Every structure is written in structure tokens, then in C-alpha cells.
Amino acid sequence: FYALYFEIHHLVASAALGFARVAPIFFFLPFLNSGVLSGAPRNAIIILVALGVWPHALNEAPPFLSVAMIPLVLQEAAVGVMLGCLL
Amino acid sequence: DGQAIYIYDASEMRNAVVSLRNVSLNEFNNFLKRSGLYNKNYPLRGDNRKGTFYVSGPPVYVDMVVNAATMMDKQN
Amino acid sequence: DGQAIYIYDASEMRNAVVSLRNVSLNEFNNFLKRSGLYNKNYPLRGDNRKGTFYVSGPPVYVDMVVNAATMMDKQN
Amino acid sequence: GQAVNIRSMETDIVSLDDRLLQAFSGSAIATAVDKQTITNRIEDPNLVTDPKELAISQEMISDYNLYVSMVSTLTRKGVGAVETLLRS
Amino acid sequence: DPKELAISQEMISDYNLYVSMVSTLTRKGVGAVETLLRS
Amino acid sequence: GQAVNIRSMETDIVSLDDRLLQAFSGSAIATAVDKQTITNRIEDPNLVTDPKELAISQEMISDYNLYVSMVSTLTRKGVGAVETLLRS
Amino acid sequence: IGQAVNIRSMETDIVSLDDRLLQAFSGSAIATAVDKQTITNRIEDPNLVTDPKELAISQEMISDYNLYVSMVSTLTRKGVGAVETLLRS
Amino acid sequence: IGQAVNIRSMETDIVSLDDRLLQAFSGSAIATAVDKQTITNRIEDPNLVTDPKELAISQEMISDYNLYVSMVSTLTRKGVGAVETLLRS
Amino acid sequence: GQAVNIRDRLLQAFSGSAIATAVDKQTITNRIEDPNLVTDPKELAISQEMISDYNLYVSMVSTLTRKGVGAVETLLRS
Amino acid sequence: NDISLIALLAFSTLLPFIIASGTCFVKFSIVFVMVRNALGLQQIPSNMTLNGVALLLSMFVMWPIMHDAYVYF
Amino acid sequence: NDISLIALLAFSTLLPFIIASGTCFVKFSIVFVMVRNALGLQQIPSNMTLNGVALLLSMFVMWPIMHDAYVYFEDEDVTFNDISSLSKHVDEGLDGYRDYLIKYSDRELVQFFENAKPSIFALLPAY
Amino acid sequence: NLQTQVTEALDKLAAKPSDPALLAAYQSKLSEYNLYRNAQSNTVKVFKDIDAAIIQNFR
Amino acid sequence: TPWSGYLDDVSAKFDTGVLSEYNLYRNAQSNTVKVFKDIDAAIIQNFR
Amino acid sequence: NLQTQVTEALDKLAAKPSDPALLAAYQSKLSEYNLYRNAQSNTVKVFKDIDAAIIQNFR
Amino acid sequence: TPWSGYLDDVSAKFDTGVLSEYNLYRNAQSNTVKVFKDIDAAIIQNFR
Amino acid sequence: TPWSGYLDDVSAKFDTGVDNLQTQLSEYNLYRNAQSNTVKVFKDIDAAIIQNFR
Amino acid sequence: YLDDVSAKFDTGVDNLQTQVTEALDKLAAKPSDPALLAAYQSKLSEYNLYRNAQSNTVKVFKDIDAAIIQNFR
Amino acid sequence: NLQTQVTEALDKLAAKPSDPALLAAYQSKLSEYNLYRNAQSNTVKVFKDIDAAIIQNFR
Amino acid sequence: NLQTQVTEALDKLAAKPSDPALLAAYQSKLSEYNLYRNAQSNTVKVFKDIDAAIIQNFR
Amino acid sequence: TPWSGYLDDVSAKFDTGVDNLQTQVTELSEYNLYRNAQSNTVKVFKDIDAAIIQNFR
Amino acid sequence: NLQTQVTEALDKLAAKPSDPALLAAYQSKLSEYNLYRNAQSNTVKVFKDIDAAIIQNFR
Amino acid sequence: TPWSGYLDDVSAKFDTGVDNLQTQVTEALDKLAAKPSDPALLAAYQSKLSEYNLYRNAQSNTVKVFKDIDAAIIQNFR
Amino acid sequence: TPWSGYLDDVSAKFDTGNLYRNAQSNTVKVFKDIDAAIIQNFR
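The PDB entry annotates chain B as Protein InvG of Salmonella typhimurium.

Taking the PDB entry as the reference, chain A is identified by name as Surface presentation of antigens protein SpaR belonging to Salmonella typhimurium.

So, in C-alpha cells, the structure goes:
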């Protein structure tokens, strides 16, 4: 019974990179920014939106494991601010 | 006290009451008279052959009478 | 103390009262006269053949008399 | 004897909830019949006077004690993992 | 079981620390972009 | 034998910082001796046997512990009041 | 051995909200007050404490009181913390 | 061993809420000082602690002393915590 | 028979505390993998000290790093 | 039977993030920040109380939905 | 022993307000934004950066007096049996900082404030 | 219902406290009730402890 | 009113049963109450 | 009022410590007071600990 | 029907198996039941 | 003061209950067996409350 | 694992549980032989060592796993 | 001052370890000192615990 | 590799559960393995807790 | 230094309280109970302090 | 230096494990070292715990 | 290596303090069981079993006192 | 090597010193419980 804990545990790791991709669109959009949205239910929305759109299957292990993590965050933020300035 | 002169203001005088078990007041007054720590201005108030007495004086005289009185009953 | 001259100011004089069990004051004074640390300006105040006494002087003289009395009485 | 199904092929699921609901129903019926199958073992007198049956029931008590606490801290850590992300 | 629980004892805890580490870096990651856009 | 020091020394203060600083030195000298005298009571193994001198060494821990815990949390509040007013 | 049960629960539509919570509060306070007496006069009665037949029941009721009030304590604490996380912002 | 009770609980007018709190503080510090000196004189008399009947009495005075000051501590803590959230706003 | 042998400041500080926590991690690691040292009481007491100052060390440089980087943000937002 | 309590407490811990996402509290909170912003007032009316007045209407609507869960479970 | 750790931890907590007020950082960060308002630009060069360049400069010159605080206090000669010499010991530890504030503060304002060798607590607003 | 046949064998030994077969059967009853009673007490205790541990974990 | 308990009752089964007849009489009567006394001490510990 | 008939049975065995019926009744008394006293001690304790658990939860 | 556990069955093996003969027949009998007693009294403390 | 307590009362109750049993063997054996038994009872029934204080 | 530390005592002896039963079958057959009393006391006293060394090793292994599981949290 | 009359009864039993009345009074003394010492130990502990609880609550 | 030489001593006592020297050496083995296992469990626990404290400080 | 604790002082009191009881049994219920209560009392003194060292923390 | 005279008294009892005065003195030694070791363990533990409480307060 | 611990130290310290009690009670079991009526043989093995029971309980309860202190340390680890 | 205990020595004083077999067989069980209860007072 170890895989049941591991299935939610691979998910909560996968949603962090999903947050890092889609978080700077919720700053850019005029009907979604912090001026129109509060603090308490904002971070509930941004996680489950990336959970409903994440491309790889959830029960599988993510390929993030110790490749290069601090520059990976600056990749996903740079493409996030790119998608923000296009949208 | 034979080696120095201490001076305090009047609002610092301390009081103490101490009861000895196995030595008398007249035997402790001989320890103050023979050693030279006797003081006629602030003597010891109490019955001469008993254990309970009353002291009041400078804070270096009171602490010396109490600490030299409670250190004789551990020896006698 | 036979080797150097310590100088303090007058508001640094400390004093103490100690009690010996199996060593007399006349024997401790004959030790201080045997060693040369006997100081006639700051002598020991107590009964000449008893166990309790009072000492007052410079802080290097008081801590010497206390540390040699409570290490001489424990040896005897 | 006992049964093992050999092919645990990953039946791909539309969300993780049907998997959680089947794991919860797979184990609630497990622990419900365990809580009876050791209690009725205690409640019959012929089961408890035999030392041979008695250390078997000592064994199943130690299994049932170790099981629910192994599910307990595993889910408390799973909830603790998901709230630190969702709090923000 | 004393060696299998011990190797699963490390195996749960290090992966729990890894998921908290990857989520705290994402929070300071996008928060640095937020403050730099406010400048 | 025993020996007490009847004369306590004092110095004049003119400002406000030295009044804090003599409390700083009085607490550092209080904790430096009370960390040591209970360890000397523990290291002398005749003192660790009698229940009388066990009970006085029992309560000397609680006197040390409540004192240092009190001066920690008072300073935590004291700097918290400088923190919040300057944050505004 | 004396028992009694009431079967039909009172139920209707109230658009009023607080009186249902008042009935929930009084229904829990009375049921936790009758049992603290029932366990206490079982323990001060010196006939019930000596019988091994009655003692098996006596260990049960102290556990049923123990698990019940601890359950309400943890449910309410998560309840008042849930409103706290939304209003504190 | 021969006791006495006083029956008059006087009333002085409060001139403010500050005048009310000084009575509530002085009325509670006496009760917490007296009960702790009661349990010390119960202990320091050694003939009271060797009898079986007086021990559950001292158990009761212990558990009341713990529950009283813990209930006033958490309540004053949540009170000033209620002040801090409003002042932060 | 027993034997014995005898023998930017931030860039030396982080390197100095780098192996200072590693050798104290490893010396209680092979203290506990050696089973002769975990059975003796007076070896257990000095390992209990060795754990406790290990905890105080990395907690002290933890919080002092936290307040060290804690002093820069308030001045920089100003 | 025992792990039904684990499922209850684990549901209990994740409750206010469900109120953060699933219910209609998200309609009241946004329009109440918008009526503050359109008036030009920045700090007032002190949105800690505006969360509370927006919460009480959403509970006032959500109560018949959540009440049938208790009697069913 | 444990009074030294609470005193150092209190210094780490108070450190932003001391560098915000007590040291020479206020001479830097004021006159940096004075040039921006002299030129007439409002958000250029975006004073978050300019506080950075004022901080590395003020830390670069405050650090030598800070290095003196180590070599006086990391030694083992702190054991004084009488508490007043230990008090004057830690008086002489901060003496370089006090000498720096005396070097850069006006004289008569300090003695007006300690009217209420001078105390470090009194000259701090006068600096 | 074990306590019934506990309470039915003591009286015939009361009428005859010298029959050798009866005290053998009576001891075989009463020690068996000793084995039953602590079994019920020990078995309810774990069911309390694991039920208290979950709320101890989740509080 | 003198109260009676269960240990009185089991000793009341024994006391009404009546020289070697009288001294093997206190033989088993000592055994039964001492063995009945410890069976609840574990359970009365088992509240906590 | 249990302590009264506790304190009333010790004196007749004290005056006559050889009656076989009396020490049987005396032991039958003292073990029941043994069962009563720890029962009262164990029952006040749960009412204290669960009262401490609420303030432990809400603090 | 009376419920007969394993220790009732071993006493039934002593009874249904059939002065100095009959007394030592009890002498071996009064100890073997205490032996069967404390062996199951050894498992019971190990539940908790 | 020379303090006497309840265990001194119950242990002297064995001695002062009889007239001259201490001066005048099977009687004195069981009399010690009950005297030594009742203090083992009384030292336990209080000590359970002693551990039950905290 | 916990079945196997129990089953090593049922495997390590062949048929002792039946050897005691056939022994007491002979004891109830002819309860008057000295070699039969001595053989029964030699076969009966090995059983209480056997089962109490069966139940005590699983008792000490129970708390060892209980120390393992509680240090998860 | 309990330790004085503790320290005065052990020596007469040391000089005569066969007097039956003395070991009865000595056991009645020493178990009573046993009841006193842990009572003092348990009672200082709660006064520590509740004083520590206030700074744990207010910190 | 401690569990190997643990698991090599149980079988000779299984074949002979009456040797006095063997169960003395077996207890000398098993209590030392008891001291080893919880020591490793308690020591990994601090290395997890202090690793969780850094992210608790910096979050 | 040759060190003796208070427990050793109790056990030594059974050695100095007797005069020749250690010699005359070589030269029996007296030696039975004199060694019985000695071990029982040193067991009590072993136990009475052990609750207090736990009550330290 | 307590461990020296611990390690010097077990061997004469090892050579003679039937002397009544010696094993009495050996138990009087070894239980006293038992009282010493957990006392040292409990006293270093509080000095760790209150030192950990300061960083717990100030973090 | 066949490894030894401190608890194996104290147990084999009992086994090296004694020399031949594991076989000398077998030789008195050889002697007394040959003719089981001799008064110089009944007390011979009865003097061998007595020291065997005292020595085997002495090697046993020492183990528990040297166990529980090391239990108290590891309980004081966290 | 002939190993000796002191329970081997009290047998040697009985050799070097039907009632002889009743005095020794009782005094050897005197030590068998006195020195067993002393080491049972360890725990």
C-alpha cells in the first residue's frame, strides 16, 4: 500500500512546476490580477488549473528528478512571462 | 571595626532577631568584647543568660553579628 | 606579599567571617608568622584560642586567607 | 489456499478520484471484517483457552494494531504534503 | 521488516522534503518576477 | 568550614544604558554560576544519592529553567514592540 | 435491564438557522451531562465496582465518553480554523 | 482544625471598566495565592499526607488549581490575540 | 596497539562549515554503525553530546543566516 | 470502520480551500473588491470585514446543499 | 553563557533598524535620491537598485569597526569573577563604535540629551 | 454466559468442601474465567488506543 | 445500613459451609479470595 | 460512609488476632476498600486529562 | 450446554481417564492446572 | 516534634490491640503475617494516588 | 515476517504438541508409574518454556516495530 | 526535620537485627518516608509545568 | 549485516529450547539488537527534523 | 579518593552495626533475615530516588 | 573515575559468585551507578532543551 | 569477525570468572546418578547445582540492569 | 584446573570439618535462595 501515497505525492510535486508555468498569467490579465482577486482563494485556483492541464499522466513519476532545478524554474518563469505578454 | 571606618546614611539601618541554641548571650558578648568588635553605641538587646536577642545598626555590623552567631552553634 | 605591591582604592575593601573546626586561630597565626604573610595593619579579629574569626583587607589578602583556611582545616 | 491476480496493468483513469474511492472501499471493508474476526475470536470461549489459538489471536491483534497506524501516519503525511502546497 | 521499514523510512522522508523544497522554490521564483515587474 | 562575604560592592550610574548593562552582567553571572553548581552537585557522586540533597537539586533546576525562560520571552516581546512600530 | 428508544426524528423546513444549532448544542450538552452522572454513580456505588460482570461494562462507558467529546473538540477546531483562513486573508 | 466562613460579599461601585478590572484581578490573585498555600500546608503537615481519605481531597484541590489558572491563561491569551488582529486590520 | 598522528571571509566561512557538519555527521554515523560503541554507556553519553551540539550548530547558523538575509529586504524595499 | 474516521478528518482538514474554490464565495468576494475599487477608496471599508459579509451570504445560500450531506452520511 | 546567545540573537533581530538609523547609511541613501530629484526623473533609475548601491557602500565602510567586535569578544579572557570589571570590559568592547559616533556627532547636542565617556544610548539620535 | 456456570459450581463445593473431583472442576472453571476476563479487558484497551491515536495524529 | 459487596458474597458462600475439617476449611477459603482479588486490579488499571 | 465500617472491623481483630472467621471478613473488607480507592483515583484523572485536552487543542 | 475449553478438556482427561494412590492422583492434578493457568496468563499481559 | 503518622497507627494497632502478645509461636507468626500484610496494602493504595497526582 | 518468527518454533520442533498429548494419554491410562511421572514432568516443563519463548520474542519484536512506525512523525 | 527521626531508628536495628518489634516500627517509619519523598517530588513538578505552560502559551 | 548473525542463532534454540547457555547468549544477542534498532530509528529522525527546520525557517 | 555514597552507607551500616555476626556464622535464620531486610531496604532506597531523577525533566 | 571501580569489582565476583557480603556490595555499587547514569542523561537533556527553546522563540 | 559487545563483555566476564561449572556439574551428575543413595554424592551434586543456579541468575539480571540504562539514553535521544 | 566457588568452599569445610547429609543439604539451600533473592533485587 505504498503506491497510493506515492500517487498523490508525485502529483503535488508535478503541480509546483505547473504553478511556475501559469502563475505569471494571473498577474498580467486584467480580469485576473491581484487588484481584482484576493489572497486567500487565489492560490487555490492557480494550482488546480495547472492540475487540470498538466500534459503527462499523473500517476507516473515526473522526469524532474535532480536534473537541474534552479535554472529550470527560470526557464518556466521566462516562458510564463512570455505567455503573459502575448496574452 | 579596627581596620576601617564605614559610613552610611540614616535610612540604611537594618534589624535582625536571632535565637541561639547551645550558647548564651553572655558567652557571645565575651566574643564581642575580647575580640574588639564590641560597640557601646549599638549594643545587643536581650536577656543576659538566654538565646534570643535583638540587633540594629549599620549593614556591616548586623551581617557580622548574625553570621558570626549562627556559625558558633555548628561548632558547639 | 613579599613579591609585589598591590594597590587598590579604599572602596574595594572586602571582608569575611570564617569558622574552623579542627585548627585554632593561634596555630593559623603561627603559620602566617612562619610564612611571612602576617600583616600587622590588617590582623585577624577573633578570640585567640577559638575557631571562628573575622578578616578584612584588600581583595588579594582576603581571598588568600580564606583559600588557605578552608584547605588547611580540610587536611587536618 | 489464496489468490494472486497476476496482471496489474495500469488501467488509465480519467482522474485520480476513482482510484482513491476504490482504495478507500478496498480497505474499509478490509478493516471492518478484521475488527469482527478478532473480536468473535475473543468472544468464543473455546478459541481462547487453547494457547495455540491464543498466540495466533495475539498475532492478529499485533497485525491489526500495526496496520491502521501505518495507514494513519501515511495519510496524515499526505494531507500535510498537500496543504503546504495549497496554503501559499 | 527491520531493514525494509528502515529503507522505506528514509524513502518517505526524503521525497517529502523534496516536494516541499520544489514548492518553496516555485514560490520565491515567481515572487521574484512579481516584485521585479513592480520594480 | 564555611565563608560568606558580607560586603557587597556598588558603583554610581549616570546614564540609562549602564543600568541595563549591570542587569546584563548580573544575569550572565547568575547563569554562569548556576549552570556550574548543579553540575558540580551531579559530578560529586555522594550528592546524587541522598534524597534530601536530591530534592534541593531537583528544585534548583526549576529555578534555573523558569528564570532563563522568563528572560527569553520578555526580550522577545521587548524587541517585538520595537519591530512593529517601525514597520507600521 | 431497562431500555427505551424514540424512533421518529423531528424534521421540517426552518429557514431560521440559529435554532437548529441551538437544538444541536442542547442535545449534545444534555447527553454529555447525563452520562457523567451515570458513570459517577456507577463508580461511587460500591456494589457495582466489586462485580466482574459489571466491571466489563464500566470500562466501556468511560471509553464511550472519552471518544465522544474528543471528537467534537477536533471537529470544532478545524471548523473555527477554516473560517479563520478565509477572513484573516 | 476548627474552621470559619465569612458570608458577606460586599459591593463597591465601579467608576469605570478600569475600576472593574482592579477588583477582578485582586479577587483572583488572593484565591490563587491562598489555594497554593493551602496545598503547601497540607503537604508540610506530614500526618495529612499519610491517610487514605485526605489524599483524593488533595488530588481534587490539585486538579482545580491546574484547571483554574489554565482557563484564565488561555482566555486572556485569546483576548489579547483578538486585540492584535483588529489593530492589524 | 593504538596509534595517533599529529599535524572574502564568507568564501572561507561556508567552506569551513561545509565539512564541519559532514565529519560530525559521519563520526556519529560510523559511531552508530559500529555496534560496540552503542552498547557502552559512557560512549553513549558522549555520542548524546555529539548529537546535541550538532543540533545547536546547524540551528545557530540556520537562524543567523535567516536574520542575516532578513536584514537586507526591509532596507531594500525601504 | 476506523478508517472512515480517517477519511472524515482528512476531509475536515482540506475544508476551507474547498470554500476557497468550490462554492459561490468567489462571486461575492470579487464584486465586493470591485465596488471598493470603482469608488476609488483604497483601504476602506477594511476588507477583513468584507470577507465576512461576503462569506455570510454564501453560507446563507450553501446551507441546504451541505445539510443533506450530514443526514445522508 | 546563555546571556551571550540571547544578546547576539537580539542584535540579529535589531540589525535592520540599526543599519537603517544608527550608521552612515542615511548619508548615502538620502543624497542618492537627491540627485534623481535634482535631474527631475521620477522612477529612473528605480530606487530599489539605488538602495542596493547605497547599501554595499555603507557596509563596506562599517565592516572594519565590525571586525573589531570579533577579536575583542571571541577571546577566552572574559572570565572576571567580579561583575563590575566584566561590565567595564564590555564597555570597552563597544568603544570603537562609540568613538566613531563621537567623531561624527555634534558635541553640545549630545550633552543636552544626556542631560535628559558619554553613553552610546544618548548620542544615537544626535548622530 | 460463562458466569452462570461459574456461579453454579461453587455451592456444591460449599456443601462439600472435601470432594476431590469438585475442586478440580471448580479450579478448572474459575481459572478459565480468569483467562476470559482479562482477555476482554485487554482487548477493549487496544481498540481504545488506536482510536485515540488518530485524533492524536490529526489534532 | 451495612452494605454488602461481591467479595463479601463469595465469602458468604464459604462461611456457611460449616478440627482438621475446620483447618482445611481456612485452606481453600484463603485461596479463592486471593485469586479473585487480582483479576480486577489489571482491569482497574486498564481504565487509563 | 464506607470508611466507618472500615475503621470498625480492625479493632476486633486487633483485640483478638486468632479468630479464623474475623481475618477472613477483615481481608474481605480491606480488599474491597482497595478496589474502591483506586477506582476513585482512576476516575477523577480522566476527567482532568480530557479537560486539559480542550485547552491543549484550542491554545 | 456447558462450554468446555481446553483446560476443561484436560480436567476431563483426568476424570474420564479412570489412599496413597488417590491422594497423589490429586497431587499431580492440583499443579498441572496451575501450570496450564500461568502459561496462558503469560500471553495475556503481552496484548497491551 | 517526634511526628507519628497513619502507618505508625496501623502498625501499632497490631501491638496495642493485644495485651501482652509481644512479651508472652504460631500465634505470633500469623500475627506478624497480617501486620506485615496490611502495611503492604496501605503503602500501595496511597502510592497509586501519588503517581496519579501529576 | 511476523508469521515466520512464530513459525520458526513450529518448524524447529517436529511434533512436540502431539508428543505431550500422547504422553498425557498414557498418564490418564495408568496414573501410577514413577517413570511416567518423571517423563511427564520432563515433557510438560519443556512446553511452558516453549510457548513463553514463543510469545516473548514476538512481544519484544512488536514494540520494536512500534518504535519504527512512530518515528515517521 | 523528618530526616532526624529517620536517622535515629536504623542504628538500633543495626545493633540488633533480630528484635521483632523494632523492624515492624522501622518498616512503618521507612515506608512513611517513602510516601513523603515522592509526594514532594510530584508536587513541585506540577508547579513547574503550569509555570512553563504560560510562557508556552504566550510565546 | 547484524541481522544475519541474529538470524543464525535462533535455529539451534528452536531445535533445543532447553539449553541454559544458549538462551543466555540469545538474550545477550537480542537485547543488543533492540538497542541497535531504535538507535538507528531515533538518529535518522533528527536528521529529518533539522532538515525540515531549514525550510520551515525560510518558507 | 575512596568514594562511598549514601546507598553504600546504608549497606555499610549492616556491616558496622553487627559486631561479630560476619565471623560467628563461619565459627542461621539470623543470617537469613539480616541479609533479607538489608537487600529489601537497599531496594527501597534504590527506588525512592529513581522517581525523582525522572521528575527532573 | 567511577567506571574504574565499576570495572574492578565485577571480576572478583566473577571469580566468586557466591560470597554474600561481596554481591551485596556489588549491588550497592551497580545500582548506584544506575542512579548516576540516567541522572547525567537527564541533566544534559534539559541544557539542550532550554537552549533549543531560544532558537525556537527567535526564529 | 565473530563480534563481541559490552553486554557480551559482562556475560563472558562471568564465564571467564568461572572456569569449569558447565562441565563439573556434569561430572557430579555422572557421579550421583550412578548410585543414587550415597550421602557424599547427594551433597556433592547438591553443592554443584546451588552455585549453578546462583551463577545463572547473576548472569541474567545483570543483563537487564545493563539494558534499561541504555534504553534510557536512546529514549533521551529525541 | 579445579575451579572453586565459595559454595564449593562451604562443601570443603563440610568435608574437612545421616545427620551430616541433613545439615549440609539444608545449608546448601540456604545460600541457594539468599544469594538468589539478592540478585533478584536487581530489577
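Now that the structure has been shown, the text picks up again.
Student: Tell me what's going on with the overall build of chain A, and back it up with residues and numbers.
Tutor: Helix and strand counts for chain A stand at three helices and zero strands. Beginning at the N terminus, the succession of helices and strands in chain A can be written as α-α-α. Seen along its three principal axes, the alpha-carbon backbone of chain A occupies a region of about 45 × 25 × 20 Å. Counting every position in chain A, which comprises 87 residues, the buried fraction comes to 45%. A fraction of 72% describes how many contacts in chain A between residues 6 or more apart in sequence connect residues 24 or more apart. Surface summary for chain A: the accessible area is close to 4,400 Å², and the carbon and sulfur share equals 74%.

Student: Can you tell me about the overall build of chain B, naming the residues and giving the values?
Tutor: Looking only at helices and strands, chain B has two helices and three strands in total. Each helix and strand of chain B, placed in order from N terminus to C terminus, yields the pattern β-α-β-β-α. In summary, chain B has a C-alpha radius of gyration of 12 Å against a globular reference of 11 Å for 76 residues, a match within 12%. Counting only C-alpha atoms, chain B reaches 35 × 25 × 20 Å along its principal axes.

Student: Account for the pairing of strand 3 (residues 52-57) of chain C, naming residues and giving values.
Tutor: Residues and elements named next belong to chain C. Among the six residues of strand 3, six are classified as buried, and the element is accordingly described as predominantly covered. Of the two faces of strand 3, the one carrying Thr52, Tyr54 and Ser56 and the one carrying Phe53, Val55 and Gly57 are both buried. The loop that links strand 2 (residues 45-46) with its antiparallel partner strand 3 comprises five residues.

Student: Tell me about a nonpolar patch on the surface, residues and numbers included.
Tutor: Side chains of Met59(K), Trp63(K), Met66(K), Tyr70(K) and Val71(K) sit close together on the surface and give an oily, nonpolar patch of about 450 Å² of accessible area. By the secondary structure assignment, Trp63(K) is in helix 3 (residues 48-73).

Student: Please provide a residue-by-residue account of a positive patch on the surface, values included.
Tutor: A contiguous patch of positive charge on the surface is contributed by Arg87(D), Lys28(E), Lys77(F), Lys78(H), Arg59(L), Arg59(N), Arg59(R), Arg59(S) and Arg59(U). With a relative accessible area of 39%, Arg59(U) lands in the partly exposed category.

Student: Any chance you could break down the interface of chain V and chain W for me, citing the residues and the numbers?
Tutor: Listed per partner, the contact involves 20 residues of chain V and 19 residues of chain W. Of the roughly 1,800 Å² buried between chain V and chain W on both sides combined, carbon and sulfur atoms contribute 63%. Taken as a group, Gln46(V), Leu54(V) and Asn61(V) account for 28% of the area that chain V buries against chain W, more than any other trio of residues on that side. Connecting chain V to chain W are one salt bridge. Inspection of the chain V/chain W interface yields seven residue pairs in polar contact. At 16 residues, helix 3 (residues 39-75) of chain V tops the list of elements feeding residues into the side of chain V that touches chain W. For the side of chain V that touches chain W, the residue count by class is seven nonpolar, nine polar and four charged.

Student: Break down the interface of chain W and chain T for me, with residues and values.
Tutor: Note on interface size: it is often stated as the accessible area lost on association of the parts. Of the residues lining the interface, five residues belong to chain W; the matching set on chain T comes to eight residues. Three residues stand out in chain W for area buried against chain T, namely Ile34(W), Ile38(W) and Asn41(W), and they jointly supply 69% of the buried area on that side. Where chain W packs against chain T, one counts zero salt bridges. Summed over the shared surface of chain W and chain T, the number is zero residue pairs in polar contact. Here the side of chain W that touches chain T is built from residues that sort into three nonpolar, two polar and no charged.

Student: Explain the sheet that holds strand 2 (residues 45-46) of chain B to me, using residue names and the numbers behind them.
Tutor: Residues and elements named next belong to chain B. Read from one edge to the other, the open sheet built from three strands follows the order 1-3-2, with strand pairing classed as antiparallel. Strands with a single pairing partner mark the edges of an open sheet, and in this sheet they are strand 1 (14-19) and strand 2. Pairing of strand 2 with strand 3 (residues 52-57) involves two bridges; the strand directions are antiparallel. The residue bridging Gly46 from the neighbouring strand is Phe53, located in strand 3.

Student: Break down the side chain of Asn57(U) for me, with residues and values.
Tutor: Its location among the elements puts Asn57(U) in helix 3 (residues 20-58). Of note is the side chain of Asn57(U), whose polar atom sits 3.3 Å from the side chain of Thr73(F). Aside from chain neighbours lying at most four places away, what touches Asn57(U) is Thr73(F), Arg76(F) and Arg59(R).

Student: How would you explain the packing of helix 1 (residues 17-43) of chain D against helix 3 (residues 51-87) of chain D if you had to name every residue and give the values?
Tutor: Residue and element names in this part refer to chain D. Put simply, helix 1 and helix 3 touch, their axes get as near as 11 Å, and they point 150° apart. The angle between the axes of helix 1 and helix 3 places the two elements in the roughly antiparallel class. Helix-helix and strand crossings are classified by hand; for helix 1 and helix 3 the assignment is left-handed. Contacts from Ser27, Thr31, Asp34, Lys35, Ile38 and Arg41 in helix 1 reach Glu53, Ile56, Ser57, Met60, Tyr64 and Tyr67 in helix 3. In terms of residue class, the contact of helix 1 with helix 3 is built from five nonpolar, three polar and four charged.

Student: I'd like a rundown of the arrangement of the chains, residues and numbers included.
Tutor: The highest contact count of any of the 59 pairs of chains in contact belongs to chains V and W. The two units chain A and chain K are non-contacting; their minimal C-alpha-C-alpha distance is 21 Å. A gap remains between chain C and chain L, which never touch, and the nearest two C-alpha atoms on either side lie 58 Å apart.

Student: Tell me about the environment of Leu2(L), residues and numbers included.
Tutor: Residues and elements named next belong to chain L. Relative to the helices and strands, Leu2 resides in helix 1 (residues 2-6). The exposure class assigned to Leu2 is buried, which follows from its relative accessible area of 12%. In contact with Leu2, not counting residues within four places along its chain, are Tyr33 and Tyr36.

Student: Lay out helix 2 (residues 21-32) of chain V with the relevant residues and their values.
Tutor: For helix 2 of chain V, which comprises 12 residues, the first-to-last C-alpha distance of 16 Å matches the rise-based estimate of 16 Å (1.5 Å per residue) to within 8%. Buried residues in helix 2 of chain V make contact with helix 3 of chain V.

Student: Please provide a residue-by-residue account of the pattern of salt bridges, values included.
Tutor: Where side chains of opposite charge bring their charged atoms close, a pairing between them can arise. In total, this model carries 32 salt bridges over all chains according to the counting rule given. In this structure, the salt-bridge partner of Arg42(G) is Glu54(G), at a minimum N-O distance of 2.7 Å. Highlighted residues: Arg42(G) in helix 1 (residues 18-44) and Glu54(G) in helix 2 (residues 52-87), separated in sequence by 12 residues. Connected through salt bridges with shared partners, the residues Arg34(B), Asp47(C) and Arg49(C) form a single ionic network.

Student: Outline the sheet that holds strand 1 (residues 14-19) of chain C, supporting the account with residue identities and numerical values.
Tutor: Across a sheet, paired strands are connected by hydrogen bonds in the backbone, their directions being either parallel or antiparallel. A sheet is described by the order of its strands in space; here four strands give the open sequence 2(C)-3(C)-1(C)-1(F), paired in antiparallel fashion. A strand with exactly one partner marks an edge of an open sheet, and here the two such strands are strand 2 of chain C together with strand 1 (3-5) of chain F. Here three bridges tie strand 1 of chain C to strand 1 of chain F, and the two strands are oriented antiparallel to one another. Paired with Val17(C) across the strands is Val4(F), a residue of strand 1 of chain F. On the sheet, helix 2 (residues 59-72) of chain C packs against strand 1 and strand 3 of chain C together with strand 1 of chain F and is oriented at approximately 155° with respect to strand 3 of chain C.

Student: Give a description of the packing of aromatic side chains that names residues and reports values.
Tutor: One pass over the structure, following the stated rule, counts 37 aromatic pairs over all chains. Arranged with centres 6.2 Å apart and planes meeting at 80°, the rings of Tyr6(T) and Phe45(T) form a pair that is edge-to-face. Across this residue pair, the class does not change: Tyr6(T) and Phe45(T) are buried. Grouping aromatic residues by their ring pairs yields a cluster made of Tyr97(K), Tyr100(K), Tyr104(K) and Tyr127(K). Here the basic side chain of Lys33(C) rests over the ring of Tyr38(C), its NZ or CZ set 3.4 Å away from the ring centre. Above the plane of the ring of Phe58(R) lies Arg77(H), whose end atom (NZ or CZ) is 6.0 Å from the centre.

The rules behind each value
Residues numbered from 1 in each chain as written, not as in the entry; some residues may be left out. Chains lettered and ligands numbered in written order. Part of a larger assembly, values for the part shown. Heavy atoms only, no water. Residues with missing side-chain atoms left out of burial classes, pairs and counts. Helix = DSSP H or I, 4+ residues; strand = E, 2+ residues; numbered from the N terminus. Buried < 20%, exposed > 50% of the residue type's maximum accessible area, 1.4 Å probe, protein only. Contact = heavy atoms within 4.5 Å. Areas by Shrake-Rupley, 256 points an atom, 1.4 Å probe, with all protein chains shown as cover. Rg over C-alpha atoms; globule rule 2.2 N^0.38 Å. Pairing = 2+ DSSP bridges. Patch = residues over 30% accessible without salt bridge, like charges linked within 9 Å, V, L, I, M, F, W, Y side chains within 5 Å. Salt bridge = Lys/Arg side-chain N within 4 Å of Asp/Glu carboxyl O. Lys, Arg positive; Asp, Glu negative; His and termini not counted. Charge placed at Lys NZ, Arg CZ, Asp CG, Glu CD. Buried area = accessible area lost by both parts, 1.4 Å probe. Polar contact = N/O pair within 3.5 Å; in protein donor to acceptor, adjacent residues only side chain to side chain. Nonpolar A, V, L, I, M, F, W, Y, C, P; charged D, E, K, R; others polar. Axes fitted to C-alpha atoms, helices over the stretch in contact; angles between N-to-C directions. Parallel < 35°, antiparallel > 145°, perpendicular 65-115°, else oblique. Left-handed = near helix turned anticlockwise from the far one by under 90°. Expected span 1.5 Å × (residues − 1). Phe/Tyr/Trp six-rings, centres within 6.5 Å; stacked < 30°, edge-to-face > 60°. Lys NZ or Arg CZ within 6 Å of the ring centre and 35° of its normal.

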